[PDB]
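Trainee: Experimental structure below, sequence on top.
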Amino acid sequence: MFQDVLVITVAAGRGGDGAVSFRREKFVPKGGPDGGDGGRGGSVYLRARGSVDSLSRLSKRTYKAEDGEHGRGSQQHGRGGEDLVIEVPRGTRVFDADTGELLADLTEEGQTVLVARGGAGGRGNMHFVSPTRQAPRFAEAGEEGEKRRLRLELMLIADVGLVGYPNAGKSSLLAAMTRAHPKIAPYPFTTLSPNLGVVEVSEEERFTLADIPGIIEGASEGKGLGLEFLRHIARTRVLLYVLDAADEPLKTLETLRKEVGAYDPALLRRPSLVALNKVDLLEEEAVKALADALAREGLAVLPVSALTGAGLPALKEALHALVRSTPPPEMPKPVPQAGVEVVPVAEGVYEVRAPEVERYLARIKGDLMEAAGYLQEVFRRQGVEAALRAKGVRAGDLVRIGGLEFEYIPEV
């Protein structure tokens with residue numbers, strides 16, 4: 001996990017414009033409507049894939065799905081744009097980068113979520129023919145596609161991840177540091193269930209520790225902890241290297257850091273600490289000698305004992321301080337139309353608030369004057385006429401809506 005947090009920009013495809021066309025024959029002064037419908041714009045989706053390890057390979061360019069194709073004559077409908085799928089790791093939280101709203105938690109293989117809807121294609125002139133309109137000279141432009149900023153963050157298995165070989169005594173240490181007994185936590189996004197423990201600190205706060213036990217070969221066999229383990233431990237905020245003080249402590253740490261680095265150099269930069277374990281039978285001078293030699297490796301070293309409790313207070317505080325120094329997971333912000341509202345703006349002037357209608361009106365293509373009837377039809381079926389009538393707006397008043405204006409004429 002090189003990148004556990006990232007903000008990307010996505011934009012669905014704009015639907016295609018509807019066509020205003022008429023059949024043309026050498027001896028037919030005016031053929032009927034020929035305009036075809038535009039195609040739907042492509043949508044943008046995010047999909048979880050176990051193969052994608054972090055957010056590091058995403059992109060800076062805005063992810064743009066394909067626009068729909070404009071309609072054409074001969075009653076030819078434009079083709080829809082292709083969808084765009086953005087692959088992210090399993091265990092990815094998807095937030096609106098501005099809203100803070102949680103769109104989804106992608107944890108399963110191939111789990112998908114729609115993050116931006118492509119705009120509908122515009123209807124051609126042929127679609128508006130009626131008894132009064134034999135040859136419509138207007139149409140619908142394509143609808144714009146949704147656009148938004150997405151904040152992605154990798155789900156953690158714990159605040160601190162324990163790293164070490166079986167001889168380090170990781171489980172006994174974790175048990176000694178926690179009050180409540182550690183529990184197996186089978187996250188939906190993991191393939192290895194970590195043992196989770198909660199550490200009670202001073203700042204009334206608290207942090208979690210993760211250990212993934214295994215029956216494997218010793219560091220001597222040179223086979224490491226494995227990539228699967230590392231990909232799991234990468235989902236933590238701080239790494240605690242645990243070592244067996246009586247078994248090549250120095251060489252074991254170098255072997256651990258080397259493997260963690262080979263997997264992802266960034267993991268070595270993550271706030272880390274070393275817990276020197278199994279020092280119960282060592283003289284104080286020997287422990288100090290070990291510590292100093294190990295500290296030279298770059299990380300702070302704290303000696304600990306599960307049997308005496310020695311060094312544990314210092315370990316909990318040093319970890320607590322390390323976790324607090326790293327950005328925490330963000331909390332999902334509070335969850336938070338065909339509405340029609342007539343607002344007076346002056347004597348005889350009423351501004352109509354109607355999101356859907358306003359956006360529709362901005363898409364009218366062609367002869368606007370000729371669309372007057374049709375738009376009046378839409379206005380009624382959308383409750384605009386009713387909201388005006390029941391509002392006291394009287395005949396002759398001016399109504400402003402979606403940038404256009406019209407003289408209110410009551411229903412007889």
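Mentor: Perfect, thanks for sending it. Numbering: from 1, shown residues only.
Trainee: Within its sheet, name the partner strands of the helix or strand hosting residue 94 and how each one runs.
Mentor: Here residue 94, judged by DSSP states H and E, is contained in strand 92-96. Strand 92-96 has the following strand partners under DSSP bridges: strand 102-106 (antiparallel), strand 147-154 (antiparallel).
Trainee: Residue 65 is nearest to which of the ones you listed?
Mentor: Among the strands paired with strand 92-96, strand 147-154 comes nearest to residue 65, with 10.5 Å by C-beta to C-beta. Just so you know, the C-beta spots here come from the backbone N, C-alpha and C atoms, and that holds for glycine as well.
Trainee: Next SSE downstream of the closest one?
Mentor: Once strand 147-154 ends, the next helix or strand along the chain (criterion: DSSP H and E) is strand 160-163.
Trainee: Tell me which stretches of the stretch 101-250 of the chain form strands.
Mentor: According to DSSP state E, counting those that start in this stretch, the stretch 101-250 of the chain carries its strands in the segments 102-106, 112-116, 138-140, 147-154, 160-163, 183-184, 195-200, 206-211, 238-244.
Trainee: Which residues does the shortest one contact?
Mentor: It refers to strand 183-184. Under the contact criterion C-beta atoms under 8 Å, 6 or more residues apart in numbering, strand 183-184 has outside partners 193, 194, 195, 196, 197.
Trainee: Provide a list of residues in contact with the first one.
Mentor: The contact partners of residue 193, by C-beta under 8 Å, 6+ apart, come to 184, 185, 186, 187, 212.
Trainee: What is the neighbour count of the second one?
Mentor: Other residues near residue 185 number 15, with proximity taken as other C-beta atoms under 10 Å.
Trainee: okay but it is in contact with residue 194, surely?
Mentor: Yes: judged on C-beta atoms under 8 Å, residue 185 makes contact with residue 194 at a distance of 5.6 Å.
Trainee: which neighbours do these two share?
Mentor: By C-beta under 8 Å, 6+ apart, the residues touching both residue 185 and residue 194 are 157, 210.
Trainee: what about stretch 317-334, distance to the chain center?
Mentor: 20 Å (C-alpha atoms, centre = their mean, to the nearest Å).
Trainee: Send me it as CSV with only the CA atoms.
Mentor: C-alpha atoms of stretch 317-334 as CSV (Å, rounded to 0.1, in the frame of the first residue of the first chain):
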residue,chain,number,x,y,z
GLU,A,317,2.8,5.4,24.9
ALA,A,318,5.4,5.4,22.1
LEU,A,319,2.9,3.6,19.8
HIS,A,320,0.0,6.0,20.9
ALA,A,321,2.2,8.9,20.0
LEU,A,322,3.1,7.4,16.6
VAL,A,323,-0.5,6.6,15.7
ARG,A,324,-1.7,10.1,16.7
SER,A,325,1.0,11.5,14.4
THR,A,326,-0.6,9.9,11.3
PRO,A,327,-3.8,11.0,9.6
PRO,A,328,-6.8,9.1,10.9
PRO,A,329,-9.7,7.5,8.9
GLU,A,330,-12.2,10.2,8.0
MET,A,331,-15.8,9.8,9.4
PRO,A,332,-18.7,9.6,7.0
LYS,A,333,-20.5,13.0,6.9
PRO,A,334,-24.3,13.4,7.5
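Trainee: Pull out the buried residues from that stretch.
Mentor: 319, 320, 322, 323, 324 (16 or more other C-beta atoms under 10 Å).
Trainee: Any idea how many residues pack against the closest residue to the first one other than its chain neighbours?
Mentor: Meaning residue 319. The shortest distance from residue 319 to any non-neighbouring residue, by C-beta to C-beta, 6 or more residues apart in numbering, is to residue 160 (5.6 Å). Residue crowding around residue 160 was assessed by other C-beta under 10 Å; the count is 28.
Trainee: now residue 160: how far from residue 257?
Mentor: Distance check for residue 160 against residue 257: by C-beta to C-beta, to the nearest Å, it reads 17 Å.
Trainee: you'd agree residue 178 is up against residue 195?
Mentor: No: checked against C-beta under 8 Å, the pair residue 178 and residue 195 is beyond contact range at 10.3 Å.
Trainee: Report the buried residues of stretch 141-148.
Mentor: Buried residues in stretch 141-148, counted by 16+ other C-beta under 10 Å: 141, 142, 143, 144, 145, 146, 148.
Trainee: Shouldn't residue 10 be within a strand?
Mentor: Yes: counting by DSSP: H, G, I helix; E, B strand; the rest coil, residue 10 is part of a strand.
Trainee: partner residues bridging it?
Mentor: residue 63, residue 148.
Trainee: re the thing from before, of the strands paired with strand 92-96, which approaches residue 335 most closely?
Mentor: strand 102-106 (8.8 Å).
Trainee: Does residue 217 touch residue 225 like I think?
Mentor: No: taking contacts as C-beta under 8 Å, residue 217 lies outside contact range of residue 225: 10.2 Å.
Trainee: Only C-alpha atoms, please: export stretch 236-244 in PDB.
Mentor: Only the C-alpha atoms of stretch 236-244 are listed here, as PDB (Å, rounded to 0.1, in the frame of the first residue of the first chain):
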ATOM      1  CA  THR A 236      -2.200  -0.200   9.200                       C
ATOM      2  CA  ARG A 237      -1.000   3.300  10.200                       C
ATOM      3  CA  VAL A 238       2.100   2.300  12.100                       C
ATOM      4  CA  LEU A 239       4.400  -0.800  12.000                       C
ATOM      5  CA  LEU A 240       5.800  -2.400  15.100                       C
ATOM      6  CA  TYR A 241       8.700  -4.800  14.400                       C
ATOM      7  CA  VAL A 242       8.800  -7.400  17.200                       C
ATOM      8  CA  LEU A 243      12.100  -9.400  17.700                       C
ATOM      9  CA  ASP A 244      13.400 -12.300  19.700                       C
END
